[PDB]
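Quick setup: the structure tokens below cover two forms of a single protein chain, split into structure 1 and structure 2.
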Structure 1
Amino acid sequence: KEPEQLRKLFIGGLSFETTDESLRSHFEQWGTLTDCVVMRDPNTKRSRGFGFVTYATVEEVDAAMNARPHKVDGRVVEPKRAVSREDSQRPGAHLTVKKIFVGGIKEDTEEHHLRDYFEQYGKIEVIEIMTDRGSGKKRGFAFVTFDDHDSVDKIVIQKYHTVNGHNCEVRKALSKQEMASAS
């Protein structure tokens, strides 16, 4: 069976009145939920405004994401691929981004190589193989922009990505200032 982590969705912006039962009731429309819960304050037992839903298969997860926008208990919520506790440590880990940093690509890497691997994740809007200003030399990394944040999330939650025959590190793109803040 597929890994729990890839079968789980983080549901953000939950209404103050959303409960395990009401959440389950809504998301159950796209599959069998093996787990459904609203995080609450360990003390006040008040809802922290977010929860998690886990389907029996990632296919069902995809159905749910393809069903956006979602409105639960009269409120628009934000469903996202669950970022593991380990990766949640990374700066910007939970931000909604459409651009990815692709690091460690060969010198002879060309745009078709990137498309042949990334198009299966979603509509690609921009592709940029970075070069040195003035030297024209390839820097060994590229940026790819999609039209849906879920395309990016489906990517970054995986460990390996093969472009132009070899593995590369793919992470959410961080702005110039976001970089220096986490530097």
Structure 2
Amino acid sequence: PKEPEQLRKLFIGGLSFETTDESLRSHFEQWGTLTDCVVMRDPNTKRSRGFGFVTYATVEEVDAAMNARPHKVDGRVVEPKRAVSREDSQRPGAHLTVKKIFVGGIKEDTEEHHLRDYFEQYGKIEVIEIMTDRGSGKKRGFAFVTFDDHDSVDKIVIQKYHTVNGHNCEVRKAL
């Protein structure tokens, strides 16, 4: 069946105030079937709030849209982000826009190439830090991976599971 709708939505910030439901749809339909497309407006003035959202039919279409960034919509470069699927209890509905993940549960036998070979298919990697003990140099069993862009992290933390070097890993957004 269909992927959950929350995982098919893109919040689009930085809209031109002239962008409409129709012009936002004409732009983003280039990368897939849109089941929803709305510009947020003031309830009294109808003036744009400067953001909106689009819902694609599939997650692959969301990927296609994010891979086609930067998006210039009605003359303005906009800021698409996947919808918050797991929120911070203290900042409900806020996207924590970061480029770095914590990867835990990798034990002492996981090396840099294990992490790179796995995570490079989510995005362009800039830093891999396998954490070692300050006193002994022994591996501590966790790592940080820094990407060049936040959408890689968003794709990663949406997954229920990550298997790296045969280990079932815990992955979360970092700093």
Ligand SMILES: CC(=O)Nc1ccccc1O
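Numbers given to residues start at 1 and step along the sequence of structure 1.
- It is structure 2 that shows the chain in the form solved in complex with the named molecule.
- When one rigid part turns against another between structure 1 and structure 2, the hinge among 150, 93, 118, 79 maps to 93.
- The angle of turn of the smaller rigid part against the larger, between structure 1 and structure 2 and from C-alpha superpositions, comes to 22 degrees.
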